[PDB]
file entry-v6.cif (mmCIF, C-alpha atoms and all ligand atoms)
data_query
loop_
_atom_site.label_atom_id
_atom_site.label_comp_id
_atom_site.auth_asym_id
_atom_site.auth_seq_id
_atom_site.Cartn_x
_atom_site.Cartn_y
_atom_site.Cartn_z
CA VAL A 10 122.82 148.19 49.72
CA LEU A 11 123.37 145.25 47.31
CA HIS A 12 124.47 142.85 50.07
CA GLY A 13 123.32 139.97 52.28
CA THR A 14 120.59 140.29 54.91
CA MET A 15 121.42 142.58 57.84
CA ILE A 16 119.79 143.03 61.24
CA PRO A 17 120.28 146.75 62.03
CA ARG A 18 122.24 147.73 65.16
CA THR A 19 120.47 149.08 68.24
CA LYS A 20 121.32 152.35 69.98
CA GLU A 21 122.89 149.99 72.51
CA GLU A 22 125.07 147.96 70.11
CA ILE A 23 126.37 151.09 68.38
CA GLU A 24 127.17 152.70 71.75
CA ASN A 25 129.14 149.69 73.05
CA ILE A 26 131.21 149.07 69.92
CA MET A 27 131.80 152.82 69.77
CA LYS A 28 133.42 152.96 73.20
CA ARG A 29 135.68 150.07 72.21
CA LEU A 30 136.74 151.89 69.04
CA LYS A 31 137.17 155.15 70.96
CA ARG A 32 139.39 153.42 73.54
CA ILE A 33 141.29 151.90 70.62
CA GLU A 34 141.49 155.35 68.95
CA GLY A 35 142.94 156.67 72.20
CA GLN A 36 145.50 153.86 72.34
CA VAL A 37 146.47 154.72 68.77
CA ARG A 38 147.04 158.39 69.63
CA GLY A 39 148.71 157.36 72.87
CA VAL A 40 151.14 155.45 70.67
CA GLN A 41 151.45 158.56 68.51
CA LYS A 42 152.43 160.64 71.56
CA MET A 43 154.88 157.92 72.63
CA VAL A 44 156.65 158.01 69.26
CA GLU A 45 156.79 161.82 69.35
CA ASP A 46 158.15 161.84 72.90
CA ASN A 47 160.80 159.42 71.60
CA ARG A 48 159.76 156.78 74.15
CA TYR A 49 161.40 153.34 74.36
CA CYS A 50 160.63 151.03 71.42
CA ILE A 51 159.67 148.19 73.79
CA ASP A 52 157.09 150.30 75.64
CA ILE A 53 155.61 151.25 72.28
CA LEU A 54 155.49 147.63 71.10
CA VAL A 55 153.68 146.60 74.28
CA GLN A 56 150.99 149.21 73.53
CA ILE A 57 150.79 148.07 69.93
CA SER A 58 150.29 144.54 71.21
CA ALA A 59 147.49 145.89 73.38
CA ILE A 60 145.85 147.57 70.37
CA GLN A 61 145.98 144.47 68.13
CA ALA A 62 144.48 142.52 71.03
CA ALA A 63 141.62 145.01 71.43
CA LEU A 64 141.00 144.86 67.66
CA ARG A 65 140.76 141.07 67.58
CA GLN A 66 138.24 141.37 70.41
CA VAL A 67 135.95 143.87 68.71
CA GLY A 68 136.42 142.07 65.38
CA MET A 69 135.45 138.67 66.77
CA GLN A 70 132.47 140.30 68.47
CA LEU A 71 131.24 141.73 65.17
CA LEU A 72 131.90 138.40 63.49
CA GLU A 73 129.80 136.47 66.00
CA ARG A 74 127.06 139.09 65.96
CA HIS A 75 126.84 138.96 62.16
CA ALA A 76 126.77 135.15 62.12
CA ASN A 77 124.33 134.70 65.03
CA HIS A 78 121.82 137.24 63.74
CA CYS A 79 122.28 138.51 60.18
CA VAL A 80 123.53 135.29 58.53
CA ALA A 81 121.10 133.25 60.64
CA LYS A 82 118.24 135.45 59.38
CA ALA A 83 119.31 134.97 55.76
CA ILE A 84 119.34 131.21 56.25
CA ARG A 85 115.77 131.43 57.52
CA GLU A 86 114.76 133.83 54.74
CA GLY A 87 116.37 131.73 52.02
CA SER A 88 119.51 133.71 51.22
CA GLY A 89 121.82 131.70 53.48
CA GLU A 90 124.26 130.49 50.82
CA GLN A 91 124.69 134.12 49.72
CA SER A 92 125.43 135.18 53.30
CA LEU A 93 127.58 132.11 53.96
CA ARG A 94 129.86 132.86 50.99
CA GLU A 95 130.33 136.44 52.20
CA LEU A 96 131.21 135.13 55.66
CA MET A 97 133.78 132.70 54.27
CA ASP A 98 135.42 135.50 52.29
CA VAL A 99 136.07 137.65 55.37
CA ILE A 100 137.37 134.59 57.24
CA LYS A 101 139.94 133.98 54.48
CA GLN A 102 140.65 137.73 54.51
CA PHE A 103 141.50 137.64 58.22
CA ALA A 104 143.78 134.72 57.32
CA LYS A 105 145.53 136.49 54.43
CA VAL B 10 164.50 155.85 81.66
CA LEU B 11 165.51 152.64 83.52
CA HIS B 12 165.55 150.51 80.35
CA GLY B 13 167.82 148.93 77.74
CA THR B 14 169.97 150.94 75.32
CA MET B 15 168.03 153.03 72.78
CA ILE B 16 169.11 154.75 69.58
CA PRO B 17 166.89 157.87 69.41
CA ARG B 18 164.57 158.32 66.41
CA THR B 19 165.36 160.85 63.68
CA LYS B 20 162.99 163.57 62.48
CA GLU B 21 162.62 161.22 59.53
CA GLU B 22 161.75 158.03 61.46
CA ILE B 23 159.21 159.83 63.63
CA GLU B 24 157.60 161.41 60.54
CA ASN B 25 157.23 158.10 58.68
CA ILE B 26 155.83 156.05 61.56
CA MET B 27 153.55 159.00 62.32
CA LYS B 28 151.91 158.93 58.89
CA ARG B 29 151.32 155.20 59.28
CA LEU B 30 149.67 155.74 62.68
CA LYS B 31 147.67 158.68 61.31
CA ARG B 32 146.42 156.57 58.39
CA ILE B 33 145.59 153.86 60.92
CA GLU B 34 143.86 156.47 63.14
CA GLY B 35 141.82 157.48 60.09
CA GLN B 36 140.89 153.87 59.38
CA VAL B 37 139.78 153.54 63.00
CA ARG B 38 137.51 156.60 62.75
CA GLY B 39 136.39 155.47 59.31
CA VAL B 40 135.24 152.30 61.05
CA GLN B 41 133.60 154.48 63.69
CA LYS B 42 131.62 156.33 61.00
CA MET B 43 130.70 153.00 59.38
CA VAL B 44 129.24 151.68 62.64
CA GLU B 45 127.32 154.92 63.18
CA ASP B 46 125.96 154.89 59.63
CA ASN B 47 124.82 151.33 60.39
CA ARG B 48 126.87 149.96 57.48
CA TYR B 49 127.04 146.25 56.62
CA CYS B 50 128.94 144.12 59.16
CA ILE B 51 131.02 142.52 56.39
CA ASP B 52 132.22 145.87 55.04
CA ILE B 53 133.22 146.83 58.57
CA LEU B 54 135.09 143.55 59.13
CA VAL B 55 137.02 144.05 55.90
CA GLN B 56 138.19 147.45 57.19
CA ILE B 57 139.06 145.95 60.55
CA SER B 58 141.12 143.34 58.72
CA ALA B 59 142.86 146.20 56.92
CA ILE B 60 143.64 147.92 60.24
CA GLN B 61 145.08 144.80 61.92
CA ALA B 62 147.20 144.31 58.80
CA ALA B 63 148.52 147.88 58.95
CA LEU B 64 149.30 147.42 62.66
CA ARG B 65 151.30 144.23 62.11
CA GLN B 66 153.25 146.15 59.48
CA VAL B 67 154.16 149.11 61.68
CA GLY B 68 154.74 146.77 64.63
CA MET B 69 157.14 144.53 62.73
CA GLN B 70 158.93 147.62 61.47
CA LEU B 71 159.47 148.89 65.00
CA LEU B 72 160.54 145.41 66.07
CA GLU B 73 163.19 145.16 63.36
CA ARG B 74 164.36 148.71 63.96
CA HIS B 75 164.78 148.06 67.69
CA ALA B 76 166.65 144.79 67.09
CA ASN B 77 168.88 146.04 64.25
CA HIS B 78 169.94 149.21 66.06
CA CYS B 79 169.10 149.49 69.76
CA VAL B 80 169.59 145.84 70.79
CA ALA B 81 172.60 145.57 68.47
CA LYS B 82 174.14 148.61 70.20
CA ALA B 83 173.57 147.09 73.64
CA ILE B 84 175.30 143.90 72.52
CA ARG B 85 178.29 145.98 71.47
CA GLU B 86 178.16 148.07 74.64
CA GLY B 87 177.85 145.03 76.91
CA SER B 88 174.18 145.13 77.89
CA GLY B 89 173.01 142.68 75.23
CA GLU B 90 171.54 140.04 77.54
CA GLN B 91 169.50 142.79 79.22
CA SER B 92 168.19 143.96 75.84
CA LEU B 93 167.71 140.40 74.58
CA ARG B 94 165.48 139.47 77.53
CA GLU B 95 163.33 142.56 76.93
CA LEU B 96 163.03 141.59 73.26
CA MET B 97 161.96 138.04 74.11
CA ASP B 98 159.29 139.35 76.47
CA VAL B 99 157.57 141.42 73.77
CA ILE B 100 157.78 138.48 71.35
CA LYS B 101 155.93 136.28 73.86
CA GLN B 102 153.53 139.19 74.43
CA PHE B 103 152.66 139.33 70.73
CA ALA B 104 152.08 135.58 71.02
CA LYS B 105 149.83 135.80 74.09
CA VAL C 10 126.83 110.52 63.94
CA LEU C 11 124.77 113.11 65.88
CA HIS C 12 126.15 116.07 63.90
CA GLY C 13 125.38 118.52 61.09
CA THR C 14 124.92 117.48 57.46
CA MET C 15 128.03 116.08 55.76
CA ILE C 16 128.85 115.45 52.11
CA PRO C 17 131.10 112.34 52.18
CA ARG C 18 134.64 112.60 50.77
CA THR C 19 135.54 111.05 47.42
CA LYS C 20 138.40 108.61 46.84
CA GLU C 21 140.02 111.69 45.31
CA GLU C 22 139.53 114.10 48.24
CA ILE C 23 140.78 111.55 50.77
CA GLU C 24 143.84 110.80 48.60
CA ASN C 25 144.83 114.47 48.24
CA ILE C 26 144.42 115.47 51.88
CA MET C 27 146.24 112.26 52.79
CA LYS C 28 149.36 113.19 50.85
CA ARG C 29 149.37 116.58 52.55
CA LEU C 30 149.13 114.95 55.98
CA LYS C 31 151.78 112.38 55.02
CA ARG C 32 154.15 115.14 53.88
CA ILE C 33 153.38 116.92 57.15
CA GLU C 34 153.96 113.65 59.06
CA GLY C 35 157.32 113.41 57.32
CA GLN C 36 158.20 116.98 58.26
CA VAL C 37 157.30 116.15 61.86
CA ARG C 38 159.63 113.13 61.90
CA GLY C 39 162.23 115.11 60.00
CA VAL C 40 162.09 117.54 62.92
CA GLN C 41 162.35 114.56 65.25
CA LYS C 42 165.56 113.41 63.52
CA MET C 43 166.89 116.99 63.64
CA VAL C 44 166.40 117.18 67.41
CA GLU C 45 168.05 113.78 67.88
CA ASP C 46 171.00 114.73 65.68
CA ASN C 47 171.31 117.81 67.90
CA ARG C 48 170.90 120.13 64.90
CA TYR C 49 170.88 123.93 65.20
CA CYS C 50 167.80 125.37 66.93
CA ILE C 51 167.28 127.88 64.09
CA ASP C 52 167.19 125.17 61.41
CA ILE C 53 164.63 123.31 63.51
CA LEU C 54 162.48 126.43 63.98
CA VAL C 55 162.48 127.04 60.23
CA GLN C 56 161.10 123.52 59.71
CA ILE C 57 158.54 124.04 62.44
CA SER C 58 157.48 127.23 60.67
CA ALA C 59 157.12 125.16 57.50
CA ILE C 60 154.92 122.62 59.31
CA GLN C 61 152.58 125.23 60.86
CA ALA C 62 152.29 126.77 57.40
CA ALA C 63 151.36 123.43 55.82
CA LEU C 64 148.79 122.86 58.58
CA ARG C 65 147.09 126.22 58.05
CA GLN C 66 146.88 125.30 54.37
CA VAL C 67 145.24 121.92 54.84
CA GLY C 68 143.06 123.34 57.63
CA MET C 69 141.77 126.22 55.53
CA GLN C 70 141.12 123.79 52.70
CA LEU C 71 138.98 121.60 54.94
CA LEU C 72 137.24 124.68 56.28
CA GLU C 73 136.30 125.93 52.82
CA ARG C 74 135.27 122.46 51.68
CA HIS C 75 132.99 122.03 54.69
CA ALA C 76 131.42 125.47 54.22
CA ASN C 77 131.03 125.28 50.42
CA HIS C 78 129.46 121.83 50.44
CA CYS C 79 128.35 120.41 53.79
CA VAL C 80 127.12 123.63 55.44
CA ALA C 81 125.67 124.81 52.12
CA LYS C 82 123.72 121.53 51.87
CA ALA C 83 122.35 121.93 55.40
CA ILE C 84 121.17 125.44 54.55
CA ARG C 85 119.30 124.00 51.58
CA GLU C 86 117.98 121.08 53.62
CA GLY C 87 116.86 123.29 56.50
CA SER C 88 119.53 122.61 59.12
CA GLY C 89 121.68 125.63 58.26
CA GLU C 90 121.57 127.35 61.65
CA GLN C 91 122.71 124.08 63.24
CA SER C 92 125.63 123.84 60.81
CA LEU C 93 126.38 127.56 61.06
CA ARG C 94 126.74 127.41 64.85
CA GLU C 95 129.15 124.47 64.55
CA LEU C 96 131.18 126.44 61.99
CA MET C 97 131.37 129.49 64.25
CA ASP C 98 132.60 127.33 67.13
CA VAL C 99 135.61 126.00 65.20
CA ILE C 100 136.40 129.53 63.98
CA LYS C 101 136.55 130.75 67.60
CA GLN C 102 138.56 127.62 68.42
CA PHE C 103 141.18 128.49 65.80
CA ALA C 104 141.24 131.93 67.43
CA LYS C 105 141.65 130.65 71.00
CA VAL D 10 178.14 123.75 61.14
CA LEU D 11 178.65 127.30 59.76
CA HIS D 12 176.12 128.87 62.15
CA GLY D 13 175.76 130.88 65.36
CA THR D 14 176.81 129.59 68.78
CA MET D 15 174.81 126.62 70.08
CA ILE D 16 174.54 125.07 73.54
CA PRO D 17 174.02 121.34 72.85
CA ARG D 18 170.84 119.65 74.13
CA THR D 19 170.92 117.32 77.13
CA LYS D 20 169.58 113.76 77.17
CA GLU D 21 166.77 115.40 79.12
CA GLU D 22 165.93 118.21 76.66
CA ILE D 23 165.94 115.84 73.70
CA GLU D 24 163.68 113.39 75.57
CA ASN D 25 161.09 116.03 76.50
CA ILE D 26 160.83 117.71 73.10
CA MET D 27 160.70 114.22 71.59
CA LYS D 28 157.59 113.22 73.53
CA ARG D 29 155.91 116.44 72.43
CA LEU D 30 156.75 115.72 68.78
CA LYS D 31 155.67 112.08 69.18
CA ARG D 32 152.33 113.16 70.66
CA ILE D 33 152.03 115.62 67.78
CA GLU D 34 152.98 112.83 65.32
CA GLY D 35 150.20 110.75 66.85
CA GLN D 36 147.71 113.58 66.49
CA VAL D 37 148.74 113.89 62.84
CA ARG D 38 148.11 110.18 62.19
CA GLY D 39 144.96 110.36 64.29
CA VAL D 40 143.82 113.02 61.83
CA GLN D 41 144.89 110.71 59.02
CA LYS D 42 142.69 107.91 60.39
CA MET D 43 139.82 110.40 60.83
CA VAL D 44 140.00 111.43 57.16
CA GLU D 45 140.14 107.78 56.06
CA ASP D 46 137.18 106.84 58.26
CA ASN D 47 135.36 109.74 56.58
CA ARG D 48 134.76 111.43 59.94
CA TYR D 49 132.96 114.78 60.29
CA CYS D 50 134.92 117.78 58.96
CA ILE D 51 134.32 119.71 62.19
CA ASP D 52 135.79 116.96 64.38
CA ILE D 53 138.83 116.91 62.11
CA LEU D 54 139.24 120.70 62.27
CA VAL D 55 139.10 120.60 66.07
CA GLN D 56 142.01 118.12 66.05
CA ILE D 57 143.90 120.24 63.55
CA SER D 58 143.40 123.19 65.87
CA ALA D 59 144.83 121.05 68.66
CA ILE D 60 147.89 120.19 66.55
CA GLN D 61 148.65 123.81 65.56
CA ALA D 62 148.33 124.70 69.24
CA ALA D 63 150.79 121.98 70.27
CA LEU D 64 153.21 123.16 67.57
CA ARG D 65 153.14 126.79 68.73
CA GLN D 66 153.91 125.47 72.21
CA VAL D 67 156.94 123.40 71.25
CA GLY D 68 158.07 126.12 68.83
CA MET D 69 157.93 128.87 71.44
CA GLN D 70 159.78 126.60 73.84
CA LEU D 71 162.60 126.09 71.36
CA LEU D 72 162.61 129.81 70.63
CA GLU D 73 163.01 130.75 74.29
CA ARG D 74 165.59 128.04 74.87
CA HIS D 75 167.68 129.25 71.93
CA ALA D 76 167.46 132.89 73.04
CA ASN D 77 168.05 132.27 76.77
CA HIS D 78 171.07 130.02 76.23
CA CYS D 79 172.57 129.89 72.74
CA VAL D 80 172.06 133.54 71.71
CA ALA D 81 172.93 134.68 75.24
CA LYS D 82 176.20 132.71 75.02
CA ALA D 83 177.06 134.31 71.67
CA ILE D 84 176.48 137.75 73.15
CA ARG D 85 178.94 136.89 75.91
CA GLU D 86 181.40 135.33 73.47
CA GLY D 87 181.21 138.25 71.04
CA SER D 88 179.07 136.85 68.24
CA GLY D 89 175.78 138.30 69.50
CA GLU D 90 174.92 140.41 66.46
CA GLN D 91 175.40 137.32 64.29
CA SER D 92 173.05 135.32 66.53
CA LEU D 93 170.61 138.23 66.87
CA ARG D 94 170.21 138.56 63.10
CA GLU D 95 169.49 134.83 62.80
CA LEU D 96 166.88 135.15 65.56
CA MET D 97 165.17 138.07 63.84
CA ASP D 98 164.99 136.12 60.59
CA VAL D 99 163.05 133.22 62.14
CA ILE D 100 160.74 135.69 63.90
CA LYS D 101 159.87 137.29 60.54
CA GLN D 102 159.55 133.77 59.11
CA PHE D 103 156.94 132.84 61.73
CA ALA D 104 155.19 136.07 60.71
CA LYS D 105 155.29 135.37 56.96
CU CU E 1 125.49 141.64 60.33
CU CU E 2 164.78 150.71 70.00
CU CU E 3 132.04 118.83 55.80
CU CU E 4 169.97 127.11 70.34
NA NA E 5 121.40 137.39 52.54
NA NA E 6 122.59 126.68 46.08
NA NA E 7 170.73 147.65 77.13
NA NA E 8 175.00 136.73 81.64
NA NA E 9 123.09 120.15 59.51
NA NA E 10 116.26 129.59 64.20
NA NA E 11 177.08 133.11 67.29
NA NA E 12 178.43 145.29 64.55
#
call {"tool": "encode", "arguments": {"input": "entry-v6.cif", "output": "structure tokens"}}
result
Amino acid sequence: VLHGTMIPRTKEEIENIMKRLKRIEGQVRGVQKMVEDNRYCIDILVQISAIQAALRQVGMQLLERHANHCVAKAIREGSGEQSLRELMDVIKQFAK
Amino acid sequence: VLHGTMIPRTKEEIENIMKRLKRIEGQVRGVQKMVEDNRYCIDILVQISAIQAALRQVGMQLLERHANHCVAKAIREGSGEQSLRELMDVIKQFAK
Amino acid sequence: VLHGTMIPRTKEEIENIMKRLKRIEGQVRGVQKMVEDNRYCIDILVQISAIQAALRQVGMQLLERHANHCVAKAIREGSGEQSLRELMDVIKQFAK
Amino acid sequence: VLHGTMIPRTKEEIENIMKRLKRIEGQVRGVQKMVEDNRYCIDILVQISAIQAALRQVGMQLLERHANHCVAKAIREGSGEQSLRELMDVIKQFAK
């Protein structure tokens, strides 16, 4: 452990995220097949754009979830500044 | 076909890109395992940030390759405006 | 008022940010003069890229400042969740 | 000069872009007044988000204009690869 407060994921949450990552995994191998089949660079870039888009989506979702629940809990419990600093670090990371 | 001029990829080009997509595929399943193991949301977000970063890298590489070779060839061959319009569309796509 | 906790800016903080916005204001009018003088589109785009860069910089700075001080204070004072929700909204805004 | 082919801007084009940069200039000074009046950091960030948004808009517009007309002309005239390389440089610049 050795980290900020966390609300554990449900069977539901894990399942949903998982599909999104599977779909994304598929897209990634789809792109793999495209490169192997020597498909047009533009077609490939379109799919890459799709992937990046799907990643921002799942990433934002996890960000909001963590802030709305886990960080919110820490604020209630008294470890908010700890959790807030973590949160700011990943924000700057997504900016770097 | 029915698309702009393309310079076909070498055994070399395909191999290199492929590793990058494999590594990225790994990262994606790594993230999958992380979610399943109910790992900390922040740790997961860091890895997602890594993935998006690796995707921008391979995407930019493919973009430059296509422009430097394929689009450049079309300009020489006389189908440059065709290839240029395609290129502008994917740029706007990466912006949307 | 009617908003989350705020630590007021110093004479110092206001001065520093101000220079950065002035410089940015200059860049913006520089770009204005460039357009008027019918300068090359590429040169103009380079300067626009500069401006956007300078804006991300000052924006991130204000973001960190607000989180490190104002939001941190609210967490101590007991209005952290209020301040956290605000913070998440502007994050999503910078993403939209 | 010493640059790729350029189609000069009309009285119209200059006028339109100009308004957009003026509005943006206003926003920038609006933000200046906000900082001076010691307004809430969140309110300021919202306006900064607005500005960055308006800059992407005018920037993309100039990008498309340059590609659709100036770079397209160079391709017809025989200096397309020259103009294409310039265009790729500013793309990478907006990515750096
Ligand atoms: Cu969390
Ligand atoms: Cu290509
Ligand atoms: Cu603040
Ligand atoms: Cu131009
Ligand atoms: Na905590
Ligand atoms: Na403290
Ligand atoms: Na072509
Ligand atoms: Na034409
Ligand atoms: Na507050
Ligand atoms: Na609460
Ligand atoms: Na030219
Ligand atoms: Na050539």
call {"tool": "interface_residues", "arguments": {"input": "entry-v6.cif", "of": "chain C", "to": "chain A", "cutoff": "10 Å", "atoms": "all atoms listed in the file", "output": "PDB file with C-alpha atoms, in the coordinates of the input"}}
result
ATOM      1  CA  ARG C  65     147.090 126.220  58.050  1.00  0.00           C
ATOM      2  CA  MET C  69     141.770 126.220  55.530  1.00  0.00           C
ATOM      3  CA  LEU C  72     137.240 124.680  56.280  1.00  0.00           C
ATOM      4  CA  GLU C  73     136.300 125.930  52.820  1.00  0.00           C
ATOM      5  CA  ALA C  76     131.420 125.470  54.220  1.00  0.00           C
ATOM      6  CA  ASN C  77     131.030 125.280  50.420  1.00  0.00           C
ATOM      7  CA  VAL C  80     127.120 123.630  55.440  1.00  0.00           C
ATOM      8  CA  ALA C  81     125.670 124.810  52.120  1.00  0.00           C
ATOM      9  CA  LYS C  82     123.720 121.530  51.870  1.00  0.00           C
ATOM     10  CA  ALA C  83     122.350 121.930  55.400  1.00  0.00           C
ATOM     11  CA  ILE C  84     121.170 125.440  54.550  1.00  0.00           C
ATOM     12  CA  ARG C  85     119.300 124.000  51.580  1.00  0.00           C
ATOM     13  CA  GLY C  87     116.860 123.290  56.500  1.00  0.00           C
ATOM     14  CA  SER C  88     119.530 122.610  59.120  1.00  0.00           C
ATOM     15  CA  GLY C  89     121.680 125.630  58.260  1.00  0.00           C
ATOM     16  CA  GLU C  90     121.570 127.350  61.650  1.00  0.00           C
ATOM     17  CA  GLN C  91     122.710 124.080  63.240  1.00  0.00           C
ATOM     18  CA  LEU C  93     126.380 127.560  61.060  1.00  0.00           C
ATOM     19  CA  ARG C  94     126.740 127.410  64.850  1.00  0.00           C
ATOM     20  CA  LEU C  96     131.180 126.440  61.990  1.00  0.00           C
ATOM     21  CA  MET C  97     131.370 129.490  64.250  1.00  0.00           C
ATOM     22  CA  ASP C  98     132.600 127.330  67.130  1.00  0.00           C
ATOM     23  CA  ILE C 100     136.400 129.530  63.980  1.00  0.00           C
ATOM     24  CA  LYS C 101     136.550 130.750  67.600  1.00  0.00           C
ATOM     25  CA  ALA C 104     141.240 131.930  67.430  1.00  0.00           C
TER      26      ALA C 104
END
call {"tool": "atom_distance", "arguments": {"input": "entry-v6.cif", "atom1": "CA of residue 32 in chain A", "atom2": "CA of residue 103 in chain B"}}
result
19.6 Å
call {"tool": "residues_around", "arguments": {"input": "entry-v6.cif", "residues": "residue 10 in chain C", "least_positions_apart": "2", "cutoff": "9 Å", "atoms": "only C-alpha atoms", "output": "list in words"}}
result
residues 12 and 13 of chain C; 48 and 49 of chain D
call {"tool": "write_last_selection", "arguments": {"input": "entry-v6.cif", "atoms": "C-alpha atoms", "output": "mmCIF file, in the coordinates of the input"}}
result
data_model
loop_
_atom_site.group_PDB
_atom_site.id
_atom_site.type_symbol
_atom_site.label_atom_id
_atom_site.label_comp_id
_atom_site.auth_asym_id
_atom_site.auth_seq_id
_atom_site.Cartn_x
_atom_site.Cartn_y
_atom_site.Cartn_z
ATOM 1 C CA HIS C 12 126.150 116.070 63.900
ATOM 2 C CA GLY C 13 125.380 118.520 61.090
ATOM 3 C CA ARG D 48 134.760 111.430 59.940
ATOM 4 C CA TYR D 49 132.960 114.780 60.290
#
call {"tool": "residues_near_ligand", "arguments": {"input": "entry-v6.cif", "ligand": "ligand CU 2 (chain E)", "cutoff": "7 Å", "atoms": "only C-alpha atoms and all ligand atoms", "output": "PyMOL selection string"}}
result
(chain A and resi 49-51) or (chain B and resi 15-16+74-76+78-80)
call {"tool": "residues_around", "arguments": {"input": "entry-v6.cif", "residues": "residue 27 in chain B", "least_positions_apart": "2", "cutoff": "10 Å", "atoms": "all atoms listed in the file", "output": "PyMOL selection string"}}
result
(chain A and resi 38+40-42+44-45) or (chain B and resi 21-25+29-33+67)
call {"tool": "closest_residue", "arguments": {"input": "entry-v6.cif", "among": "D:19, D:47, D:56, D:102", "to": "ligand CU 3 (chain E)", "atoms": "only C-alpha atoms and all ligand atoms"}}
result
D:47
call {"tool": "atom_distance", "arguments": {"input": "entry-v6.cif", "atom1": "CA of residue 60 in chain C", "atom2": "CA of residue 61 in chain D"}}
result
8.9 Å
call {"tool": "closest_residue", "arguments": {"input": "entry-v6.cif", "among": "C:105, C:18, C:63, C:86", "to": "ligand NA 9 (chain E)", "atoms": "all atoms listed in the file"}}
result
C:86
call {"tool": "atom_distance", "arguments": {"input": "entry-v6.cif", "atom1": "CA of residue 52 in chain C", "atom2": "CA of residue 35 in chain C"}}
result
15.9 Å
